[PDB]
Amino acid sequence: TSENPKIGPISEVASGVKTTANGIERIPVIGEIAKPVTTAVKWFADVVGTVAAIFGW
Amino acid sequence: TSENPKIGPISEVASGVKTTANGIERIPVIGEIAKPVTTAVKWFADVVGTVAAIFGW
Amino acid sequence: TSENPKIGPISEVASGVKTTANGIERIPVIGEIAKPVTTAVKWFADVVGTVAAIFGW
Amino acid sequence: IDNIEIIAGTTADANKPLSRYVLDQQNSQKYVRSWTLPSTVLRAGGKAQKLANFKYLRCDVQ
Amino acid sequence: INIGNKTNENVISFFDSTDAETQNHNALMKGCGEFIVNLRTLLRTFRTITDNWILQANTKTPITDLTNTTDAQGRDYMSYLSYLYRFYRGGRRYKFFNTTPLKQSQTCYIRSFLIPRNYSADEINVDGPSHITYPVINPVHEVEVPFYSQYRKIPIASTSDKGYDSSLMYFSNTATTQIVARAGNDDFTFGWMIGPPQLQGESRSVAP
Amino acid sequence: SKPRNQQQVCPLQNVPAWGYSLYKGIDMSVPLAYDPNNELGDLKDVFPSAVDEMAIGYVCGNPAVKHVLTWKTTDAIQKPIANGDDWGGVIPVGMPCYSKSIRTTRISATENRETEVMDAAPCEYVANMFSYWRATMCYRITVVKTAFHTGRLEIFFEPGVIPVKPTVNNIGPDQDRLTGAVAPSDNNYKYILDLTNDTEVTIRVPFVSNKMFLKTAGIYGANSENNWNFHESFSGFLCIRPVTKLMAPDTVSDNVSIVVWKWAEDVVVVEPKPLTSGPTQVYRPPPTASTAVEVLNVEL
Amino acid sequence: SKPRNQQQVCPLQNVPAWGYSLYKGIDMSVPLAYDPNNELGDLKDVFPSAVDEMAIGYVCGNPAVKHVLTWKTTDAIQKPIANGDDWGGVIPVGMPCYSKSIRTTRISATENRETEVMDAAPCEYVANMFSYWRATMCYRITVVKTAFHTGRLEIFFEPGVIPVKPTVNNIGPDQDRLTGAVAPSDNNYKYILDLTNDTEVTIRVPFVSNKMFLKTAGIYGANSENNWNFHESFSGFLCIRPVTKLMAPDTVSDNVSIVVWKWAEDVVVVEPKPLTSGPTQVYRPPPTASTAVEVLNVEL
């Protein structure tokens, strides 16, 4: 949905908040990136979880 | 839909206008590329929008 | 289902057991990796089986 | 904690306002009074007795 | 018309033209092609902190022999933006561009280790995660120090508690000379804003 | 079981650190860690404020006092208030910095080393990082007075080139060309503030110029020999002149003070390289007046 | 049939062994085998126990005896039990090691080579691999007595800096500052164990500090000249003092022994590099007292 003649452009992006990005409105920090203590950081997700790669296998 | 023995040929292309490309007809410029001030240039789309990568996260 | 701006992160992982990974509970070893003598180690799976690559063809 | 009085005046230092520049460390910004924290409010008013025999603290100094 | 000072602030805007957020977006489609929103993203771009970092052969050198000199200067973005803030958090990245007149009759390599912050070279071991490059084939030594801290954030110039978070140690078999360019990693940020210091202009050395 | 290569010869270029100066991409630096997904969590319960303290909106929206004037009971009407601080009642509307001091020390008995020192607001400190700027500038003009000081005050905006006196080492304004005779404010956008009860006024000057962006050079290296980049950095100046002379009794002070706060809104910047001749260098104040400072070079 | 290249010039960096120090990835080492999928099966019927014997939970949950004290019938009340072993009735709560011996041999007639030897529990042996630790420490205090020895015993926890006597080569505790007069246990978390029938007590001290993790340096290189990393490794100490003097008949022994077991639960560690100055080196005991040991260098 973005006009670009390169096939997939770069660095696949996540989502954030609902505001204007400058022009003072006290942007919350917890809303910007969406990784709390949960199954969303990949190293805590590998032991919650308990995949085989945390055991060396 | 193009006959070529190379698997996908090059540089994936966008679309344009309805005319002949030479042979004077006053080709409009705004119709050639389709990127106005909207969610179609990828840097204005990342802050409209507001993905996590514009915040460094 | 893991938040990361890199497209697919690393080393695609298998599954394990149901417990906490530290905090003593006598973790069984046979449950950690899931490869017994069966069609799950790829070299015994190639001759059970009997694919063409074990014959040099 | 403190009770400031400014008589104007003044040849003294607490009436001397903020200089526009600091060119060297012997021409620092002059201030009326400083208060180190939280070690001023913990000592004063008998708050030292009621957090003796404890170890750790959170606080917001109002 | 009573006596006494008052309040009721009168926000006036000159030049009733057009809402500015439309004019800014229309001015960056024609002059930039990019829209710098946050200053955190300038901590992820590598800016060079030195141009000639001369070292000696067989000498374990911490980066705090260089970083402690260039934090005060404010040249790059991590040392210029740090004067607005009081804390930080997260790891740091480094690149070591080679500028040595190398010889062919040796085999130069570049090790890199971890020390905790502000230790010397003799009071730490070399048994940790490392990285080795060869400048004859790979002239850029790229390394990332993580955030291995006892505290959730680090102040500036703390107490005698030293060695509470990790850093980098440099090693090379030959006397090299490099261009160091640092940036923060994907978790690096400042915080707890204060006001800015002064700036410095030219130095003409005038005739009288 | 061991078949042949069907894949093409791929073209190649040996570029270590391709595009290291970009904020977005995939970085090739090896972590000195245990886990390749070594990743701290979010900023929940780390800093004492959960506001994004690094947004250009939040940093430039921090006000700072650029002028503390002194408006006497003797000063004439329709003449800009020039008492105490430099630049008087002439405030160049703009995000960069316009005022500098000059520190002079001795190298020998026949030579002096000068050094320009610049007082930066937290919006003027951010624009020095970049090359061009474009912002809606905000000002709050506050009068320090009693309930018995009454007067009226005029704040008009005049776009374009600022009337200045270029000195051999610095630039000051020109109050001789801003009196009521030579410079009438009958056509400018103006605000006539009453000082019988009211004290403050907030003025939001938008971006008006014939350029899409203005330079961020400002007062850096500006003198008689070089003053072009100074004029092309602001596009305007507020001028504070009295309409009515300061009316005050004898039982109050014969002075009031005009305190001008400065911040910015709707800030966009262009190029992540400073437009100045030298690097961005923070002035570390020396211990004694006789001692010297750090001089950063430009040779590579 | 032989068409042209449509693929781009790919950027490249020549890094052999990118990130060899990480536990997870794809390793570029060529197998000296027959099959590229050379892979042993699971651990079914290999070792005599089907428990994962390498989990940090399982390794650190192996108890070991750190103290065997001697509580006489002559020892005073409210004074820590200091008879026999070093460190007395002062047990530093913490995963690292706190006790070391010093072996002294001769190089010449005018020089002695000292060497620090450390007794490690199977939790103290694992924390030496890492830089920082955080764990819930468990202790089991057991009294070796008859049915006729009766007494009462106090075990209180005191957080922070341990009262120590730094010697020129080692650190010992300070029993002079832990008597009942100078150090009252009226505010500490304490357990008052009865010894008329009961013998054991298990104490689980959680992690309490103002730091998120504590150092794992411990007694390594700790002396009078250097003792900061010792204090920042434990955050607390258990102290064993008698409430009631040991009551015993004449037909039983005049001693009891207090045996303290040590393990750890809920263990997390931080950095896979030791915080010590030298490498992790296992002390191989020499054949004769006059002979020397292996000295590992640090030069590369």
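In the PDB header, cryo-EM is given as the technique by which the entry was determined, and 3.20 Å as its resolution.

(A) Region of interest: the overall build of chain D. Assigned secondary structure in chain D consists of zero helices and zero strands. For 62 residues, the compact-globule estimate of 2.2 N^0.38 gives 11 Å, and the C-alpha radius of gyration of chain D, at 17 Å, exceeds that figure by more than 25%. Counting all 62 residues of chain D, 6% fall into the buried class. Carbon and sulfur atoms form 51% of the exposed surface of chain D, whose accessible area is close to 5,600 Å². A distance of 10 Å separates the average location of the 9 positive side-chain charges in chain D from that of its 5 negative side-chain charges.

(B) Summary view of the overall build of chain F. Across its full length, chain F carries three helices and 16 strands. C-alpha atoms of chain F, sized along the principal axes, occupy 105 × 55 × 40 Å. Counting all 300 residues of chain F, 52% fall into the buried class. Of the contacts formed within chain F by residues at least 6 apart in sequence, a portion of 81% connects residues at least 24 apart. Accessible surface, chain F: about 13,300 Å² in total, of which carbon and sulfur atoms supply 50%. One finds the centroid of the 26 positive side-chain charges in chain F at a distance of 4 Å from the centroid of its 32 negative side-chain charges.

(C) Region of the structure containing the pairing of strand β15 (residues 255-269) of chain G. Residues and elements named next belong to chain G. Pairing of strand β2 (residues 64-68) with β15 involves four bridges; the strand directions are antiparallel. Bridge pairing links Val68 to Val259 in β15. Relative to β15, strand β3 (residues 71-72) runs antiparallel, the two being bridged by two bridges. Bridge pairing in β15 places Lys72 opposite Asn255. As paired elements, strand β7 (residues 132-144) and β15 share 11 bridges and run antiparallel to each other.

(D) The interface of chain G and chain B, seen in detail. Of the residues lining the interface, four residues belong to chain G; the matching set on chain B comes to four residues. When the buried surface of chain G facing chain B is broken down by residue, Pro3(G), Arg4(G) and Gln6(G) rank first, second and third, together holding 95% of it. Linking chain G with chain B are zero salt bridges, by the criterion used here. Counting across the interface, chain G meets chain B through one residue pair in polar contact.

(E) Geometry of the state of the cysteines. Residue and element names in this part refer to chain G. Applying the stated criterion across every chain yields a total of zero disulfides over all chains. No disulfide involves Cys123; its nearest neighbouring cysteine sulfur is the one of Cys60, lying 6.0 Å away. Using a relative accessible area of 0% as the deciding quantity, one classes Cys123 as buried.

(F) A look at the packing of aromatic side chains. In total, this model carries 29 aromatic pairs over all chains according to the counting rule given. Judged by centre distance (6.0 Å) and plane angle (40°), the ring pair of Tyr88(E) and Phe188(E) falls under tilted. On the criterion of sequence distance, the pair formed by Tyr88(E) in strand β5 (residues 85-89) and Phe188(E) in the loop between β11 (177-184) and β12 (189-193) is long-range, its members being 100 residues apart. Three or more aromatic residues link up through ring pairs in this structure, and these residues are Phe14(E), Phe15(E), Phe157(F) and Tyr189(F). Directly above the aromatic system of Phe46(E) lies the positively charged group of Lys95(E), at a separation of 4.7 Å from the ring centroid. Sitting over the face of the ring of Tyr98(F), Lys66(F) holds its NZ or CZ atom 5.2 Å from the ring centroid.

(G) Expanded view of the interface of chain F and chain E. Listed by partner, the interface residues are 99 residues for chain F and 94 residues for chain E. Summing both partners gives a buried area of about 9,000 Å² for chain F against chain E, and 58% of it is carried by carbon and sulfur. The three residues of chain F that bury the most area against chain E are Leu32(F), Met54(F) and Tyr125(F), which together make up 10% of that side's buried surface. Taken together, chain F and chain E are joined by four salt bridges. Put simply, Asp27(F) and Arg93(E) hold a salt bridge, and the shortest N to O gap is 3.6 Å. Connecting chain F to chain E are 41 residue pairs in polar contact. Among the residues forming the side of chain F that touches chain E, the class breakdown is 57 nonpolar, 21 polar and 21 charged. Relative to strand β13 (residues 200-205) of chain F, strand β1 (residues 11-13) of chain E is paired through three bridges, and the arrangement is parallel.

(H) Spatial organisation of the nonpolar core. Grouped together as the largest cluster of nonpolar side chains are 83 residues, with contacts concentrated most on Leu39(E), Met95(F), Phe230(F), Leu238(F), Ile240(F) and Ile258(F). Excluding its chain neighbours within four sequence positions, the residues that come into contact with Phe230(F) are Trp87(F), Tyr98(F), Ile162(F), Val164(F), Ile171(F), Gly218(F), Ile219(F) and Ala222(F).

(I) Expanded view of the arrangement of the chains. Of all 17 pairs of chains sharing an interface, the pair with the highest contact count is chains E and F. Contact between chain C and chain D is absent, and the least distance between their C-alpha atoms amounts to 28 Å. A gap remains between chain C and chain E, which never touch, and the nearest two C-alpha atoms on either side lie 10 Å apart.

(J) Expanded view of the pairing of strand β6 (residues 100-106) of chain F. Residue and element names in this part refer to chain F. Looking at chain direction, β6 and strand β7 (residues 112-118) are connected through seven bridges and run antiparallel. When the bridges of β7 are listed, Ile102 appears paired with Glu116. In sequence, β6 turns back onto β7 through a hairpin of five residues.

(K) Broad picture of the sheet that holds strand β5 (residues 90-92) of chain F. Residue and element names in this part refer to chain F. Spatially, the four strands line up as an open sheet ordered β5-β15-β9-β12, and their pairing is antiparallel. Strands with a single pairing partner mark the edges of an open sheet, and in this sheet they are β5 and β12 (189-194). Taking each pair of neighbouring strands and ignoring which way they run, the sheet shows an average axis angle of 20°. With eight bridges connecting them, strand β9 (residues 150-158) and strand β15 (residues 237-247) associate as antiparallel partners. When the bridges of β15 are listed, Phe156 appears paired with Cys239.

Calculation criteria
- Residues numbered from 1 in each chain as written, not as in the entry; some residues may be left out.
- Chains lettered and ligands numbered in written order.
- Part of a larger assembly, values for the part shown.
- Heavy atoms only, no water.
- Helix = DSSP H or I, 4+ residues; strand = E, 2+ residues; numbered from the N terminus.
- Rg over C-alpha atoms; globule rule 2.2 N^0.38 Å.
- Buried < 20%, exposed > 50% of the residue type's maximum accessible area, 1.4 Å probe, protein only.
- Areas by Shrake-Rupley, 256 points an atom, 1.4 Å probe, with all protein chains shown as cover.
- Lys, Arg positive; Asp, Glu negative; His and termini not counted.
- Charge placed at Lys NZ, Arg CZ, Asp CG, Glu CD.
- Contact = heavy atoms within 4.5 Å.
- Pairing = 2+ DSSP bridges.
- Buried area = accessible area lost by both parts, 1.4 Å probe.
- Salt bridge = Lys/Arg side-chain N within 4 Å of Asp/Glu carboxyl O.
- Polar contact = N/O pair within 3.5 Å; in protein donor to acceptor, adjacent residues only side chain to side chain.
- Disulfide = S-S within 2.5 Å.
- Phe/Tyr/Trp six-rings, centres within 6.5 Å; stacked < 30°, edge-to-face > 60°.
- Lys NZ or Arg CZ within 6 Å of the ring centre and 35° of its normal.
- Nonpolar A, V, L, I, M, F, W, Y, C, P; charged D, E, K, R; others polar.
- Core = buried A, V, L, I, M, F, W, Y, C linked by side-chain atoms within 4.5 Å.
- Axes fitted to C-alpha atoms, helices over the stretch in contact; angles between N-to-C directions.

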